[PDB]
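Each remark here refers to the structure printed beneath this line.
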Amino acid sequence: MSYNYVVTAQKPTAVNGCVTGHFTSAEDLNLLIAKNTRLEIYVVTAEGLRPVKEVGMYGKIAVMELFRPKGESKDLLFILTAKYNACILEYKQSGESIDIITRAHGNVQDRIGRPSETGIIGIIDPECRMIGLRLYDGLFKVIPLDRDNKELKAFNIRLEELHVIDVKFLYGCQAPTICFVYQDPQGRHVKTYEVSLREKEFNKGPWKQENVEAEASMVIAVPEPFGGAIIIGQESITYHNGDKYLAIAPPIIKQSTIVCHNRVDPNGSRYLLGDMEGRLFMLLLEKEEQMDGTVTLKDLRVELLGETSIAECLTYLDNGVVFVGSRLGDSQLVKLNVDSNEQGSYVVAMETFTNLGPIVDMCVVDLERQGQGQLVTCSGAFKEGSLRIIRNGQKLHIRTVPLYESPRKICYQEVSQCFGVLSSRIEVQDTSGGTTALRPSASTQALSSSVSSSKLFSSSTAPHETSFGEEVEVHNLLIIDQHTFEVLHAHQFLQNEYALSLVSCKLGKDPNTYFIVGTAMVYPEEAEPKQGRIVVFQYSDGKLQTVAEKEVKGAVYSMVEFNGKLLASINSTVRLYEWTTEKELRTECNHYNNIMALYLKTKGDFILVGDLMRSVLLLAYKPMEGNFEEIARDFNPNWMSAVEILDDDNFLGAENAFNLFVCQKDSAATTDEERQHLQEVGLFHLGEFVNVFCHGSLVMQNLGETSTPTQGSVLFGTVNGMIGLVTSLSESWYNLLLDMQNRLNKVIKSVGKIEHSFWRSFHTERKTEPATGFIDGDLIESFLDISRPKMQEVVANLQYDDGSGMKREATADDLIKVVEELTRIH
Amino acid sequence: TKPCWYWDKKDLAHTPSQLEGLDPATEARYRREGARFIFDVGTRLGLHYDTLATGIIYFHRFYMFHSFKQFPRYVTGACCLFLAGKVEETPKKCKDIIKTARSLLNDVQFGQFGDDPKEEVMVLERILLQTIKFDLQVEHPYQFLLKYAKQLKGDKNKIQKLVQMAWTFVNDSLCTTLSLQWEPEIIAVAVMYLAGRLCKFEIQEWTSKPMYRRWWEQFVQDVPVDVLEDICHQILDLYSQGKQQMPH
Amino acid sequence: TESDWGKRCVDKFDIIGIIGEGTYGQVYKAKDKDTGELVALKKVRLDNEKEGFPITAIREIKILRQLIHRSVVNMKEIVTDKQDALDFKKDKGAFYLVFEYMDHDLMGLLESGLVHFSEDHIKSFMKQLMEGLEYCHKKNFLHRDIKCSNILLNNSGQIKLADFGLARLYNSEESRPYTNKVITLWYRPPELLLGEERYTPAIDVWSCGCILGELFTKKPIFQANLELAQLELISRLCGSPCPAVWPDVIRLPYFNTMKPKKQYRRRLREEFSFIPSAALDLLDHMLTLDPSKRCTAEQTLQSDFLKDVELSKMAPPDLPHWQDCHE
Ligand SMILES: Cc1cccc(Nc2nc(CC(=O)Nc3ncc(C)s3)cs2)n1
C-alpha cells in the first residue's frame, strides 16, 4: 500500500458564482462570492467590500441562491453541491461569535437519470414556495419549501422536452410558472409550464411556444412591472409575454457571445450584459404607460458601457459599483459613470482581485539563487492571459506579467537568463483574406520577431476555405527575460500550426542549450492531427535561430529530455530521438501501445506515460537493447489530465472527474503478470482539475529547517487557480493522521452537514469508492482552529505506534505541535 | 478454414504404425483395445455416451499422425478421455481417470503410465491438441440416429427395436476406423440399414415417401448403397471375428 | 493449410504491448509480420499442470470455430511458443489464441465518459448485439457472461461479442445443474440471484437490457456489491419478485431466504421516462423478472426500436477527438 498527504498552498481564486441579498442581517446588503468549495461573505460599503465571514464546504458549489420565505426576517441561502448535496443555510451572529446554521439538508441524487449537457440548474420561486432543479434530461425536480421539509425531500415531474438550455421561474403569474428554452430537431423554442405542488405535475402554461434563435442561450426573468421573459442569443435579444413580442438585433453583440446578465433596477428597467471579449453592455427596457394605467414594454435598447474582465458572474451592488466575477482572469470592482471619459468609456476600474486563473502550465525556478524556489505559472486565457511569479513571504507574494494572449506552456532556460513560453492569440478572418488581431499582445509587442518559413507541409493541395469573421488561433514561442519579464523575442508558427509541447535542454554531445517545440497541424476537418513538427531553436544574442526541424505524422503532445536524448509522444507513438553530430534528430526506438500519449514523465531510464483513458504506463528504456520495455500498466480505465512520478515505485495521476490516484508496482515477482499489473493503492477526490504536476517547493530553505515527517514535494496547478501539494508519509505517520481524521470528523461541524468521508470518496458518474492512501491535510490543519474543549475531545484514547513508547498516548498540546510542523511544508 | 478428418481405407496401409513394421492386424487390435479402454474407463466414471465417443475419435485421429510404438495407447486413451470430458462439459480430474485406469488394467499394461501416471497423461495434452489441430467439436452417429428415427412413423415397438440395434452397432463401430472413413451422418444411416436387414423391416414404409425404396436419400444426400454395404460388412466382421453375435 | 492450427509459431507476430489481464493468461496487441494485420493474442498457460489446458479456453476454441457472425468475434488461428525440440515432456511453452483486434471495449469508452451515444447510434449498437446473440442462441449456445467489457467495438461502429469463456450449451429437453452466478453481479439476472441452476437463454437478455439502460444513463443501472443488495435495487425498479408476476418464483431455492425490504411496485417506465417510448418498451420486456415472460433476442430484433434500423448505415458513435482531449 502507499501513504500520501495532500494540502492546499493557495485556495481556489476563480469566481464560480456570486449573488446579492440580505443574508447576514435584514438590514445589510450582502455579496456572497462562491469559489470552488469556498463561500465568501461580504458586506457592501460606500468604498468597497467589508469581509465578514468565509466558510469551506465539503463539495463543489453548483447552485447558490438567496431567498426569503414568509415569516423570515432575512434571506436564507440555498446551496447544492456537484455531488448533489443540498442544504439551506442561515447566518447567525452572537456578538463576536459568527457561525453558519444548517436549517435543512439532504442528498437529492436519483438512482436513474442522465446528467444534462447544460449542467445543474437551480432556481427558486418568487413567492419562495419551491426550489426547482434541472439535474437530469427529461426530469424536473421540485423541493417544496414547507416548514416541515427539513430533509429536503423532493419529487420529479416528467418533462417531455429532453434537451433544456435554461429555465427560470417567471414573475407575475397566478401559479408557480417556469419559462425555459429547449432544443429538439426543429430548432430551439421557448415554452412555459405551471407547477402544481398539490397535483405534483405540470399544467398548461400561461403563454404559447415561440420559435427562437438557434443559439438562444439565457433566459432573463423580467420583474412584475413588465412581466414575461427576455431571451439572449448570439445575434438577437427578444422579449416574450403572451401576445407581446419584441426583437432587437444590434450588430454590436454579434461580435462576441454574451455569457452573463444581471438586473440593475429592481423594476426591470435595466439589465447588464457581458460577453466573452470582456465588453459590458446595458440592456434598457423602454416603458410606455397607457391611459388605462397599465405599463407595457415599448422597445429594447443595448448600449455599450466599456470593458471588464471576462466575467463568469456580474452583480450590481449599489450606486455605480458593479462586482465582476472572473474565472479566466482577475475579478474586479468597477464603477459605472453617467458621463463617459475622454475615450468614450463609462467604466472605470476601482479594485482588482487576484485570480490565478486557469493554470495551464507552471515551473519552479530559483531566480534569486535563494535555495527557495519561485513558481512561474501560465495563468488566464485570452485578454486575461498572464505569467504569475509566486513566492512565499504569512501570505503568498504574487507578481503579474500581462500577456493579453493565452499562455500554453512555460519552461526555464538558465543559460539564457530567460523563459520560453508558448502562447496563442485570436485573429479573425478579415476582408483582406488574411486575419486581424482584436488587440495587441505579447507576441506582437516583442522587441524582435520571426516567423517560421518551413517548407515541410508547403506541398498542401488540401483545400481549407475561410469565411469572413471566423476565428483562428495563432501560436508563438515567446522569449521572456527572467528579471524584467520583458518579451525579448516572439516566433510565430505556421498557419494552422498549434504548439503543444516545450522543453529547454542540451542533447547528445552538443554544448548548445536549445528551446525545442512540438507542434501539430490542426485543420477543422481532422478529428486527430496527422501532421506535426519537432523544431529545435537556439536563443542567441537577442535572436531565435531555427537549428533543425523533424517532421512527424501526428501531434507532439508531450516532450521530455531523456539522458541526452529527446523523448517525444506523437499521437499513439512514444519515440526516443538521438541528436547527431550533424545537428539533426534521429529515431532510436518506438513504443506504440497507447491510445493517445498525452503526457510523459521520466525518472532514470523509466518513463511514465499517460494515455487519455487507459491510465498510466510504466515504460523502461533498455540501453543494452536500444528499445523500450513495458514494465506495467494501470488496467482500470481512467482519463488522465496530468501525471507525475513520486518515486521509483509510486506514480500519481489526476482524473478529469476531479479525482487523484496513486499507482504502484505490485512488487510481487512470483508471476510476471503481478509485476505487469499496476495496483491503484491511492484514491482521493480532490475537487479540482489538475493540469500540471511539478516537483518543487515554495518554502524558504536556510538548511536550518527541521526535517518534516513528510518526504517529497509535488506542486500542482488547477483550472480554478488552486495550488496544492502532494507529499509522502511513513506507515506510522499515515495511521496517526488517518486515525486523527476519523476523530476530527466526529468533532468538527460541517456546513450543510456533509459527511467528510463522502466528499473525498473517489467519484465518477459511474463509480464511487471510499478514499484510500491520502490524508486530507486541510482537515488535519484545521485541528489548530478548533476550540480547546474540542481538541481534548479529539485526543481522547489516541495511541501512537513505534515511538519512544510503542503505545504512546497523545495530548492536545502534543498534536498542536505535530500539526504546526505540518503547516510548515507550505 | 476447417480440416479434413476422413481418409480412404487404402490409406490406412500407410499409417506411421504400419510403416514402423506393425502389421494391419496388430494396429487393428491396438485400436480396439484403446477405444474399448476409453469406453470402459469412462463408463465406470459415469460419462455420457458423447464424451466416450469424442475421446475415441480423438484417439483414432491421433494415431493417424503418430505410431503406436512411440505413443502408448492406454496413456493416449486416458489423455483423450481427459480432454473429451472438458470439451463435452463432462469434466473429470486426471487423478480419477488414472485411478480407474489402474483398476481396469493389469500390472503389465499399467506399466505404460511409467513412474508418474498423471504426469505422462497431462504432458500428452499438448501433443493431442496440436495433433487434432484444435478442431474440438465433433458430431457422432447418435444424434443422427435419433434425428432420423424421429421422422419414422409406424409400429412403436419395431422402430424402437430398430433404434436400439442400430445404437449398439454405433457403439461397436467406435472400435473401428469407420470414424475415419465416413461422416457420422452416413454411419447413422448404415446402422439403420443394417438393423433393418437383420430385423427384416422395410424402413421406407415408415417414411413420408413410402414408395421411395432408397429411404435414406431424404436423410443423407449422395450416399450409394456401395457405401452402406461396405460399412455393414466392416461392422459385422467384428462380430464374426469375435465370439459375439448380432444383438437381434 | 490454414486449418492446421497449433503449429505456427508466435514469432510471426510483432508484439506491441499489454492490453488486458485475462482469465487463463494475459492478452497482448500484436501485428502480423506477413500481412500487417493487427491481432489480439490471448495467452494460454498449461505450465500450472493443475488441470492442464484451461477449460475456459477450450470452450472458446470449441465454440468460436463454430460461430460465424459479424457481431461475434473471430478466432483466426492458434499459435505456439518455440517448442522444445524432440522433448515434449520438458516443453512447457504456452499457446496463443489469435483474435481480430477490435479497436475499443465499451467500458473504457463509458468509464472515460468521452463517448456520447445518439438514439440512432444506440439503435445500431443494440441491433448488432441482438443479432449476434440471436445467432448464438439459435445455435443453442449461452454466453453467460454479458458485460460491457466483453462488448468490443471498432471505430467504424461494428460491435462484436467477445468473452465466451463461461459459455455452455443449453438443452430445453434436458435440464441439469449449471454453474451458479455465472454473470457478474451488476448484470446478473434475478434468477441467478435466486439460484435457479437450470437457467434459460433469457439470462443473457437481461444483461443486454441492463446495457440498453446504461447506454441511455451513461451509468450502470444496478450497481451493488452483494447479491441481496442487487435484488433490492432490481426489485425497486422492476418490482419485487412475487408469485403474480413470477408464478414459479416459489420453486426457486432462495425465494423465501432472499427477500426485498418491501414488495416494491414496478417503476421502470416512470424512472426511465426520458428514454424514448420505442426503447422504453424494449427495456420493460428485456428487464422482466420472470424468465418465461422475458422477451427473446428475435423478439428484440422485431421491435419498433430495432426492426427498421438498417445495418448498412452503421453510424459510428461520437468518439473523442483531440479537441475533446483539449479542455
Ligand atoms: C490498460 C490498457 C491499455 C491499452 C489497451 C487496453 N485494453 C484495451 N483493449 C481494447 C480493445 C480490445 O480489447 N480488443 C480485442 N480484440 C480482440 C480481443 C479478444 S480483445 C481497447 S483498450 N488496456
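Among what's in the range B:85-100 and is among the aliphatic types (A, V, I, L, M) and closer than 18 Å to B:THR54 by Cα, pick the residue that is surrounded by the most Cβ atoms within 10 Å (Cβ to Cβ).
Only one residue tops the list, namely B:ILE97.
Report whether or not C:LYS147 is within 16 Å of the ligand (Cβ to nearest atom), within 14 Å of chain A (Cβ to nearest Cβ) and either surrounded by fewer than 22 Cβ atoms within 10 Å (Cβ to Cβ) or under 19 Å from C:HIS285 (Cα atoms) (or both).
yes
Looking at this structure, is A:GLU473 touching a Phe, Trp or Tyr at 6+ places or on another chain (Cβ under 7 Å) and in a strand (DSSP E or B)?
yes
Can you report the number of residues in the range A:15-44 which are in a loop (DSSP other than H, G, I, E, B), surrounded by 23 or more Cβ atoms within 10 Å (Cβ to Cβ) and of a type in the set (A, V, I, L, M)?
Residues that pass the stated criteria total 1.
In the range A:388-412, what residues are assigned to a strand (DSSP E or B) and closer than 25 Å to A:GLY518 by Cβ?
A:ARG388, A:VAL401, A:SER406, A:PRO407, A:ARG408, A:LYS409, A:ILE410, A:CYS411, A:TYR412 - these are the residues of the range A:388-412 that are assigned to a strand (DSSP E or B) and closer than 25 Å to A:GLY518 by Cβ.
Run down A:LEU152, A:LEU162, A:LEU145 and say which single residue is over 26 Å from the mean Cα position of the chain (by Cα) and closer than 24 Å to A:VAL212 by Cβ.
None of the others qualify; the one that does is A:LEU162.
State which residue pairs qualify: first residue within 14 Å of chain C (Cβ to nearest Cβ) and inside the range A:601-630, second residue away from the ligand (no atom under 16 Å from the Cβ) and part of a loop (DSSP other than H, G, I, E, B) in any location, beta carbons under 8 Å apart, and separation of 6 or more residues or different chains.
Matching pairs, first to second residue: A:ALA620/A:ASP605.
Cβ contacts < 6 Å: first residue away from chain C (no Cβ under 14 Å), restricted to the range A:685-701; second residue among the acidic types (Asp, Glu), any location; separation 6+ or different chain. Result?
A:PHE693/A:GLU644
Identify the residue in the range C:211-252 that is assigned to a helix (DSSP H, G or I) and of a type in the set (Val, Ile, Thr) and, among all such residues, is surrounded by the fewest Cβ atoms within 10 Å (Cβ to Cβ).
Here the residue is C:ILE250.
Take C:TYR96 and decide whether it is within 16 Å of the ligand (Cβ to nearest atom), buried (at least 21 other Cβ atoms within 10 Å of the Cβ) and closer than 21 Å to C:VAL27 by Cα.
yes
Quick check: anything in the range C:261-269 of a type outside the set (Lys, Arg) and within 11 Å of chain A (Cβ to nearest Cβ)?
Yes; the residues of the range C:261-269 include at least one that is of a type outside the set (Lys, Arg) and within 11 Å of chain A (Cβ to nearest Cβ).
Within the range C:305-327, track down each residue that is within 14 Å of chain A (Cβ to nearest Cβ), over 12 Å from A:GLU528 (Cβ atoms) and of a type in the set (D, E, K, R).
C:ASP318, C:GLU327
Quick one: what pairs do we get from the range C:69-93, first residue within 30 Å of C:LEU311 (Cα to Cα), second basic (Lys, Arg) and not in a loop (DSSP other than H, G, I, E, B), C-beta under 9 Å, 6+ apart or different chains?
C:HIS69/C:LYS160; C:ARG70/C:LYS160; C:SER71/C:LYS127; C:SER71/C:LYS160; C:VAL72/C:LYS160; C:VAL73/C:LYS160; C:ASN74/C:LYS160
Which residue pairs have Cβ atoms closer than 6 Å, lie 6 or more positions apart in sequence or on different chains, and pair a first residue in the range C:28-41 that is within 12 Å of another protein chain (Cβ to nearest Cβ) with a second residue that is outside any loop (DSSP other than H, G, I, E, B) and more than 14 Å from the ligand (Cβ to nearest atom)?
That search, which allows pairs on different chains as well, returns C:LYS31/C:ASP14.
Out of the range A:200-233, which residues are crowded, with 17+ Cβ neighbours inside 10 Å, under 37 Å from the mean Cα position of the chain (by Cα), of a type outside the set (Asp, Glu) and not in a strand (DSSP E or B)?
A:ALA216, A:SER217, A:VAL222, A:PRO223, A:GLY227, A:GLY228, A:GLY233
For the range B:50-89, name all the residues that are hydroxyl-bearing (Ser, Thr, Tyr) and not in a helix (DSSP H, G or I).
Selection gives B:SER67 alone.
Yes/no per residue for (1) assigned to a helix (DSSP H, G or I); (2) within 14 Å of chain C (Cβ to nearest Cβ); (3) touching a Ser or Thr at 6+ places or on another chain (Cβ under 7 Å):
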{"residue": "B:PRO91", "(1), (2), (3)": "no, yes, no"}
{"residue": "B:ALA101", "(1), (2), (3)": "yes, no, no"}
{"residue": "B:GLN109", "(1), (2), (3)": "yes, no, no"}
{"residue": "B:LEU129", "(1), (2), (3)": "yes, yes, no"}
{"residue": "B:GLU139", "(1), (2), (3)": "no, yes, no"}
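Have a look at A:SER558, A:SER615 and point out the one that is crowded, with 17+ Cβ neighbours inside 10 Å, away from the ligand (no atom under 14 Å from the Cβ) and closer than 26 Å to C:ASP103 by Cβ.
Going through A:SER558, A:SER615 in turn, just one is crowded, with 17+ Cβ neighbours inside 10 Å, away from the ligand (no atom under 14 Å from the Cβ) and closer than 26 Å to C:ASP103 by Cβ: A:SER558.
Give the residue that is nearest to the ligand (Cβ to nearest atom), with candidates limited to residues of the range C:20-56 that are aliphatic (A, V, I, L, M) and in contact with a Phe, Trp or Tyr (Cβ under 7 Å, 6 or more places away or on another chain).
Looking at the filtered set, the residue picked out is C:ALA40.
Kindly indicate the residue of the range A:335-380 that is assigned to a strand (DSSP E or B) and crowded, with 24+ Cβ neighbours inside 10 Å and also nearest to the chain's Cα centre (by Cα) among those meeting that condition.
Out of the qualifying residues, it is A:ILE359.
Among the residues of the range C:293-304, are any surrounded by fewer than 19 Cβ atoms within 10 Å (Cβ to Cβ), within 13 Å of chain A (Cβ to nearest Cβ) and under 23 Å from the mean Cα position of the chain (by Cα)?
No, there is no match, as no residue in the range C:293-304 is surrounded by fewer than 19 Cβ atoms within 10 Å (Cβ to Cβ), within 13 Å of chain A (Cβ to nearest Cβ) and under 23 Å from the mean Cα position of the chain (by Cα).
Considering only residues that are farther than 15 Å from C:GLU2 by Cα and among the basic types (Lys, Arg), look in the range C:66-82 and name the one that is nearest to the ligand (Cβ to nearest atom).
Filtering the range C:66-82 for residues that are farther than 15 Å from C:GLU2 by Cα and among the basic types (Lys, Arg), the one nearest to the ligand (Cβ to nearest atom) comes out as C:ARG70.
Report, by residue number, each residue of the range C:105-135 that is within 8 Å of another protein chain (Cβ to nearest Cβ) and either under 16 Å from C:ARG70 (Cα atoms) or of a type in the set (D, E, K, R) (or both).
C:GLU111, the sole residue that qualifies.
Residue check: is C:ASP163 more than 14 Å from the chain's Cα centre (by Cα) and farther than 20 Å from C:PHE305 by Cβ?
No, not satisfied.
Restricting attention to the range C:76-92, does a residue exist that is within 24 Å of C:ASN140 (Cβ to Cβ), at the interface with chain B (Cβ under 9 Å from one of its Cβ atoms) and out of contact with any helix residue (DSSP H, G or I) (no Cβ under 6 Å at 6 or more places or on another chain)?
No.
Would you please name the residue that is farthest from C:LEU319 (Cα to Cα), looking only at residues in the range A:582-600 that are within 14 Å of chain C (Cβ to nearest Cβ) and touching an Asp or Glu at 6+ places or on another chain (Cβ under 6 Å)?
Once the filter is applied, the top-ranked residue is A:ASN594.
Can you tell me which of (1) more than 14 Å from chain A (Cβ to nearest Cβ); (2) touching a helix residue (DSSP H, G or I) at 6+ places or on another chain (Cβ under 9 Å); (3) away from the ligand (no atom under 16 Å from the Cβ) is the one C:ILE63 doesn't meet?
Answer for C:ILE63: the failing condition is (3).
Bear in mind these aren't lab numbers, they're just calculated from the coordinates by the rules spelled out. Note: ideal-geometry Cβ built from the backbone for every residue, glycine included; neighbour counts use all protein chains shown.
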